[PDB]
Amino acid sequence: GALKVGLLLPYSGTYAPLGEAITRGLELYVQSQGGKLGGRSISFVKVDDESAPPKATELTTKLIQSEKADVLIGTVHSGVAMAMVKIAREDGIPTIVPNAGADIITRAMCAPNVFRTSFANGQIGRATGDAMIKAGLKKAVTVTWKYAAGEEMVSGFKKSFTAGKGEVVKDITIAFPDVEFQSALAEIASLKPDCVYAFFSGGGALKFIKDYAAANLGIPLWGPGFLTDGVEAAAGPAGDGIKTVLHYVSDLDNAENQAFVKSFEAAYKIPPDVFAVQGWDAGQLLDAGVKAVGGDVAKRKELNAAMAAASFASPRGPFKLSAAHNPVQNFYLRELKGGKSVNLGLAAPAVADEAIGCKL
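Take the sequence shown: its position 214, counting from 1, is numbered 245 in the entry's author numbering, and each next residue is one higher.
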């Protein structure tokens, strides 16, 4: 029979374009392998999580129990992912996290069957704060949504930014997924920082970018790369000049990215973004696992071990996991110019996030 891959992703709401991009990355990878991973035909069972933490336990349980998923892949929203990972850890099902950066997933909640192909919130926030200090910035206002990802990315940023003698003047938070920003933009203007660090993504990011430009603040906008990835063409000139830090840049010239961009543009007529890459690499990681156990997904201990030691070429560069199952990869400084984020160079060389509390 087919190998059933349960996909828990947002197909509606503000993160719907992220779930679409991840799904596209996975399906394109499965197609590049002739519809099979390690000799098994793939069947995706797609469930919309609606980025809604109150539904996460029920929808995960259904995917594992009622639909009998052989593998679980998800999700985008860190609150949903934390609840999902709690159920997956206790079940033992091979689980791949293709976006959610919740720090706990590769720290205190680290597990033998739980892998991440994206990043950790805290680590990318620290890399962005470091880049802003190197750029001479000293007085920030942060703006994000009131949930674990905003908090952890703003916390990581504040750690590096204050360690660099900068001050964080205010942390503005908006309830998730609200996108009424006029009040935050009036407060930014009143506080006169020399920079703004924002975490938004999907619909929220695109609207924040247009609203932020329409305010004519004269203040540079920064953030983790999720603030611009995927929304460059739609943001138009309002995006110009935004500086971000991310573990992917569309112009990386390694052969795997050039072939991946080609396949993705030929199938979907738009460039891939970081979300598509993370999905493509979840496909590569599951392939490495199913190949090592000759299609026999029931050998979980051996499947997990192979995915932990997996080594392949990502569109990002060499893919490799730490002992706590998080990617070890470079972070680049970028600028949004003319509809794409361009590479301004290396921001942080590849190092393993510190796995505080990980029993592994």
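For each residue, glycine too, the CB sits at the ideal point set by N, CA and C.
Do the CB positions of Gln64 and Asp260 come within less than 8 Å of each other?
For this step, residue 64 is matched to residue 33 along the sequence shown. For this step, residue 260 is matched to residue 229 along the sequence shown. Cβ distance not < 8 Å, so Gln64 and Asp260 don't count as in contact.
DSSP-derived helix/strand/coil call for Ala171:
Numbered from its first residue, the sequence shown carries residue 171 at position 140. Note: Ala171 maps to strand in three-state DSSP.
Given this structure, state the Cα-to-Cα distance separating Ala220 from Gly235, to the nearest angstrom.
Start at 1 with the first residue of the sequence shown, and residue 220 comes out as number 189. Start at 1 with the first residue of the sequence shown, and residue 235 comes out as number 204. One C-alpha to the other measures close to 20 Å.
Reducing DSSP to helix, strand and coil, say where residue 411 ends up.
One cannot answer for residue 411 here, as it falls past the ends of the chain, which runs 32 to 391.
Within 7 Å: the Cβ of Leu38 and any heavy atom of the ligand FMN?
Absent from the structure shown: the ligand FMN. Ligands present: none.
Same chain, Cβ closer than 8 Å to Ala100, five either side skipped, listed in chain order:
As a first step, residue 100 is located in the sequence shown; it is residue number 69 there, counting from the start. Contacts found: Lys35, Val36, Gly37, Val76, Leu94, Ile124.
Just tell me which of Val107, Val111, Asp271 has its CA closest to the CA of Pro85.
As a first step, residue 85 is located in the sequence shown; it is residue number 54 there, counting from the start. Measuring C-alpha to C-alpha distances from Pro85 to each of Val107, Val111, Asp271 identifies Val111 as the nearest.
Please state whether DSSP places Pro84 in a helix, a strand or coil.
For the purposes of this step, residue 84 is taken as the residue at position 53 of the sequence shown. Looking at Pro84 - three-state DSSP - the assignment turns out to be helix.
Taking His108 as the reference, which of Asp79, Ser97, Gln96 has the closest Cα?
For the purposes of this step, residue 108 is identified with residue 77 of the sequence shown, where counting begins at 1. When only C-alpha atoms are compared, the closest one is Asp79.
Who are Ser372's beta bridge partners in DSSP?
In the sequence shown, counting from the first residue as 1, residue 372 sits at position 341. Looking at the DSSP assignment, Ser372 forms a beta bridge with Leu367.
Does the distance from the C-beta atom of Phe230 to that of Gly181 stay below 8 Å?
Within the sequence shown, numbered from 1, the residue matching residue 230 stands at position 199. Within the sequence shown, numbered from 1, the residue matching residue 181 stands at position 150. It is a contact, given that the beta carbons lie within the stated cut-off.
Going by C-alpha to C-alpha distance, which of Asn335, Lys223, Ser74, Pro129 sits closest to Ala354?
The count along the sequence shown starts at 1 and reaches residue 354 at position 323. When only C-alpha atoms are compared, the closest one is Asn335.
Since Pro349 sits in a beta bridge, which residues does DSSP pair it with?
Counting from 1 along the sequence shown, the entry for residue 349 is found at position 318. In DSSP, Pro349 forms a bridge with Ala344.
Can you tell me where the beta strand (DSSP E) with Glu198 in it begins and where it stops?
Indexing the sequence shown from 1 puts residue 198 at position 167. Start and end: 198-205.
Cβ separation of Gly50 and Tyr42, assumed to be a contact under 8 Å, to the nearest whole Å:
Along the sequence shown, read from residue 1 onward, the residue named residue 50 stands at position 19. Along the sequence shown, read from residue 1 onward, the residue named residue 42 stands at position 11. The Cβ separation is near 5 Å, so the contact holds.
For chain D, is any of its Cβ atoms less than 8 Å away from the one on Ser191?
The chain labelled as chain D is not found in the depicted structure, where only one protein chain is given.
Measuring alpha carbon to alpha carbon, tell me which residue in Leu237, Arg365, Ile127, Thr204 is nearest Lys274.
For this step, residue 274 is matched to residue 243 along the sequence shown. Of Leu237, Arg365, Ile127, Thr204, the residue nearest in Cα terms is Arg365.
Is DSSP giving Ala142 helix, strand or coil here?
Taking the sequence shown and counting its residues from 1, the one referred to as residue 142 is at position 111. For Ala142, the three-state secondary structure derived from DSSP is coil.
Does DSSP put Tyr42 in a helix, a strand or coil?
Translated into the one-based positions of the sequence shown, residue 42 becomes position 11. Reduced to three states, the DSSP call for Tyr42 is coil.
Using DSSP with H/G/I as helix, E/B as strand and the rest coil, what is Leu216?
To locate residue 216, count along the sequence shown from 1; it is residue 185. The answer is helix: DSSP assigns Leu216 an H, G or I state.
Beta-carbon proximity list for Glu296, same chain, < 7 Å, skipping 5 on both sides
Start at 1 with the first residue of the sequence shown, and residue 296 comes out as number 265. The answer, listed in chain order, is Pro302.
Quick one: residues in its chain with C-beta nearer than 7 Å to the C-beta of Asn288, no 5 flanking neighbours on either side, listed in chain order?
Counting from one through the sequence shown, the residue named residue 288 turns up at place 257. If we look at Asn288 and ignore the five residues flanking it on each side, its Cβ neighbours are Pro346.
Short Cβ contact (8 Å threshold) for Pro129 with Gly348
As a position in the sequence shown, residue 129 is number 98, starting the count at 1. As a position in the sequence shown, residue 348 is number 317, starting the count at 1. No, Cβ-Cβ distance for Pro129 and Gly348 is not below 8 Å.
Strand pairing of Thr275, partner residues [DSSP]
For the purposes of this step, residue 275 is taken as the residue at position 244 of the sequence shown. According to DSSP, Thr275 bridges with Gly254, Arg365.
Cα-Cα separation, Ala215 to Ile203:
Mapped onto the sequence shown, residue 215 falls at position 184. Mapped onto the sequence shown, residue 203 falls at position 172. If I take the Cα positions, the gap works out to 7 Å.
Extent of the continuous alpha helix (DSSP H) run through residue 14
Summary: the structure shown does not reach residue 14, with the chain confined to residues 32 through 391, and so no result is reported for it.
I'd like the list of long-range same chain contacts for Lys241, defined as Cβ closer than 7 Å, with 5 residues on each side in sequence excluded.
For the purposes of this step, residue 241 is identified with residue 210 of the sequence shown, where counting begins at 1. Excluding positions up to five away in sequence, the list reads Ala266, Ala269.
Nearest-angstrom Cβ-Cβ length linking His356 and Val116, presumed shorter than 8 Å
Translated into the one-based positions of the sequence shown, residue 356 becomes position 325. Translated into the one-based positions of the sequence shown, residue 116 becomes position 85. Incorrect: roughly 11 Å between the Cβ atoms, too far for contact.
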